[PDB]
Amino acid sequence: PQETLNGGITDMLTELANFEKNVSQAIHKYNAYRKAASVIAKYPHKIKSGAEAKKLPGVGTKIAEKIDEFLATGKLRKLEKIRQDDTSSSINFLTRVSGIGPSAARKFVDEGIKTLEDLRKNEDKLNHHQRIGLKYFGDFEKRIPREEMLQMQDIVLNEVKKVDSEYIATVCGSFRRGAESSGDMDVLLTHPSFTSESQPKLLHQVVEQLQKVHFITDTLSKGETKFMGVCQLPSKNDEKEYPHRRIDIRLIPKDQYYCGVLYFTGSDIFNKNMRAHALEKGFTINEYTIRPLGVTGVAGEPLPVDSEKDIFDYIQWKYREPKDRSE
DNA sequence: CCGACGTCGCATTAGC
DNA sequence: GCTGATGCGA
DNA sequence: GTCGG
Ligand code: NA
Ligand code: NA
């Protein structure tokens with residue numbers, strides 16, 4: 001299934017989704033439109049009617065209506081109107097700044113702050129996160145080619161090992177699945193000395209090292225288990241600079257690591273099926289552990305996990321490579 | 001018909 | 001000050 | 001907004 005097949009419908013729903021999240025502050029309506037957008041995006045025929053589309057899981061009466069209006073007129077009256085609305089369109093746009101959500105965007109627009117120019121005119125009213133989001137607004141919306149991800153991984157793995165050779169790091173996300181580009185870099189970190197029953201600087205030391213070699217350029221948030229920040233590859237001599245990229249690093253206990261690696265490798269749809277599989281085998285998987293039920297439904301103790309495949313073994317499924325984890 | 005819809009670490013601010 | 005709720009991103 | 005108990 002291609003773009004031109006139902007792109008006008010999926011773009012319509014995605015737009016509606018964004019206005020729900022950012023303007024109406026209705027997070028569940030936001031997800032509902034997206035779920036409709038997703039299932040339609042995968043549908044292998046040019047939709048002829050709203051009724052045809054309503055058969056799909058996630059498409060109800062209201063979206064079937066909108067599809068019927070779109071097909072007949074090439075537009076949606078409500079979407080046209082809200083696009084044209086200065087207040088709403090500005091609130092929606094401002095949320096594209098990292099750190100500016102629906103609430104902060106509303107306040108800015110309430111007091112006349114509506115554009116990037118206005119934001120740059122009013123730094124004093126931005127928190128640390130939002131200034132960074134403003135500074136790298138364009139960079140953060142770019143894709144990351146796999147070649148650059150590999151170069152970034154080279155640096156991360158190298159420096160992590162230099163701090164302590166007993167560290168274990170894994171770049172997860174769609175990168176580990178072999179996607180040809182990424183939205184960011186998600187790093188999962190662990191150490192033999194850090195377990196569930198179980199220093200307060202295991203993560204700090206790694207962040208500090210990546211900063212010393214000037215890979216990590218900025219910090220959005222930093223605690224004892226989770227770092228969120230900005231990084232950049234070294235300029236390849238006299239050539240143009242690389243865009244700044246978003247990078248997350250999390251420290252996970254050794255006994256929860258591969259459950260963490262499994263979850264943050266994805267995809268969402270794969271994860272959902274593997275948690276459905278799964279319960280029907282009498283197990284419950286979260287991002288941290290896998291646990292047995294339990295005849296009356298009571299969750300028992302977390303089972304020991306020493307690899308990804310270990311989780312598969314518990315639930316009667318053969319191990320599937322991240323390359324094959326789209327669903 | 002009416003509640004669920006993912007969950008949580010971190011930054012920031014509320015109320016006291 | 002401290003205790004907790006909220007916003008945000010993922 | 002959609003699903004389902
Ligand atoms: Na449906
Ligand atoms: Na934002």
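Computed over heavy atoms, backbone and side chain alike; hydrogens, waters and symmetry mates excluded. Below, read A as the first sequence line, B as the second, and so on, with proteins coming before strands; counting in each chain starts at 1.
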Undergrad: As a quick check of understanding, evaluate salt bridge (charged side-chain N to carboxylate O under 4.0 Å, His left out) for A:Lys107 and A:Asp110, giving each step before the final call.
TA: CA-CA 5 Å; A:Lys107 231 173 165 302; A:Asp110 274 333; over 6 Å; no
Undergrad: Under 4.0 Å, heavy atoms only, any strand: does A:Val39 hit a base, just the sugar-phosphate, or nothing?
TA: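 Since no nucleic acid heavy atom lies under 4.0 Å of A:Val39, the category is nothing.
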Undergrad: Does A:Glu80 pair with A:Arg77 as a salt bridge, N-O distance under 4.0 Å?
TA: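 No.
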Undergrad: What contact category does A:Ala26 fall into here, base, sugar-phosphate, or nothing, at under 4.0 angstrom with non-hydrogen atoms?
TA: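 No contact.
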Undergrad: Any side-chain heavy atom of A:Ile155 within less than 4.5 Å of one from A:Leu210?
TA: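 Yes, side chains in contact.
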Undergrad: Work out how far the P atom of B:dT7 is from that of D:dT2, and round it to whole angstrom.
TA: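 Per the computed distance, 23 Å lies between those P atoms.
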Undergrad: Expressed as a whole number of Å, how far does the P atom of C:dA10 sit from that of B:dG3?
TA: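 C:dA10 and B:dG3 have their P atoms separated by 32 Å.
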Undergrad: In whole angstrom, what separates A:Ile132's CD1 from C:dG9's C1'?
TA: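 My rounded result for the distance is 16 Å.
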Undergrad: For A:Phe227 and B:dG9, what is the distance between atoms CZ and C1' respectively, to the nearest whole Å?
TA: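 In whole Å, B:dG9 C1' and A:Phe227 CZ are 14 Å from each other.
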Undergrad: Distance check, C1' atoms only: C:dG9 and B:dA4, in whole angstrom units.
TA: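 So the two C1' atoms sit 22 Å from each other.
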Undergrad: Against the six-membered ring of A:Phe137, is A:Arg96 placed for a cation-pi contact (under 6.0 Å from the centre, within 45° of the normal)?
TA: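 Geometry flag: not set, cation outside 6.0 Å or 45°.
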Undergrad: Are A:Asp248 and A:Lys226 ion-paired here, with the side-chain N under 4.0 Å from a carboxylate O?
TA: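 Result for this pair is no, no salt bridge flagged.
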Undergrad: Below 4.0 Å from chain A heavy atoms, what is the first contacting nucleotide of DNA chain D and what is the last?
TA: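 Span of nucleotides near chain A: D:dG1 to D:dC3.
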Undergrad: Touch check for A:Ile27, heavy atoms < 4.0 angstrom, all strands: base, sugar-phosphate only, or nothing?
TA: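 Nothing: the residue A:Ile27, judged by heavy atoms under 4.0 Å, touches no strand.
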Undergrad: Could you grab the distance from atom CG of A:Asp268 to atom OH of A:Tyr263, nearest 0.5 Å is fine?
TA: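 Between atom CG of A:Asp268 and atom OH of A:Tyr263 there are 7.5 Å.
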Undergrad: Which part of the nucleic acid, if any, lies within contact of A:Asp186, taking any heavy atom under 4.0 Å across all strands shown: a base, the sugar-phosphate backbone alone, or nothing?
TA: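 Result for A:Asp186 = nothing.
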Undergrad: Provide the distance between the two P atoms, one in B:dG9 and one in D:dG1, to the nearest whole Å.
TA: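 Their P atoms lie roughly 33 Å apart.
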Undergrad: Counting heavy atoms from C-beta on, name the nucleotide in C:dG9, C:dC8, B:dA11 closest to the side chain of A:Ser98.
TA: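 That would be C:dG9.
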Undergrad: Could you check whether A:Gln256 and A:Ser196, counting side-chain N and O atoms only, form a donor-acceptor pair closer than 3.5 Å?
TA: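 There is such a pair between these side chains.
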Undergrad: Atom CG of A:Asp248 to atom P of B:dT7: distance rounded to whole Å?
TA: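 Nearest whole value for this atom pair: 20 Å.
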Undergrad: Are OP1 or OP2 of B:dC10 and a side-chain N or O of A:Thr225 less than 4.0 angstrom apart?
TA: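 Yes, A:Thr225 has a side-chain N/O under 4.0 Å of OP1/OP2 on B:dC10.
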Undergrad: More than 12 heavy atoms of other residues, nucleotides or ligands under 6.0 Å from CD of A:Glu301: is that the case?
TA: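 Open: at most 12 neighbouring heavy atoms sit under 6.0 Å from CD of A:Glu301.
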Undergrad: Scan A:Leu16 against the nucleic acid and name what it touches under 4.0 Å (heavy atoms): base, sugar-phosphate only, or nothing.
TA: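 Counting heavy atoms under 4.0 Å across all strands, no contact is made by A:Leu16.
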Undergrad: Touch check for A:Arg246, heavy atoms < 4.0 angstrom, all strands: base, sugar-phosphate only, or nothing?
TA: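 Contact class for A:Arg246: sugar-phosphate only.
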Undergrad: For A:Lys62, which contact category applies under a 4.0 Å heavy-atom criterion: base, sugar-phosphate, or nothing?
TA: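 A:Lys62: backbone/sugar contact only, no base atoms under 4.0 Å.
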Undergrad: When you measure from the centre of the six-membered ring of A:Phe264, is the NZ or CZ of A:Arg250 closer than 6.0 Å and no more than 45° off the axis?
TA: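 Verdict for A:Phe264: a cation-pi partner in A:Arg250.
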Undergrad: Which dot-bracket string fits DNA chain C when only Watson-Crick or G-U wobble pairs with both atom distances under 3.5 Å count, crossing pairs get [ ], and | stands for a partner on a different strand?
TA: |.|.|||||.
Undergrad: If you measure from the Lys or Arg side-chain nitrogens to the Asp or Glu carboxylate oxygens, is any gap between A:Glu111 and A:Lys125 under 4.0 Å?
TA: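 Here A:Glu111 pairs with A:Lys125 in a salt bridge, since their nearest N and O are under 4.0 Å apart.
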Undergrad: Is the closest side-chain heavy-atom distance between A:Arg106 and A:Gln25 below 4.5 Å?
TA: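 SC-SC contact between A:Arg106 and A:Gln25 confirmed.
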Undergrad: Mind telling me whether A:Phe312 and A:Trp317 have parallel, tilted or perpendicular rings, with 30° and 60° as the class edges?
TA: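 Plane angle between 30° and 60°, so tilted.
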Undergrad: Are there any protein N/O atoms within less than 3.5 Å of an N/O atom in nucleotides 4-6 of chain B, and if so, which ones and at what distance?
TA:
from	atom 1	to	atom 2	distance (Å)
B:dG6	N2	A:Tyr263	OH	2.9

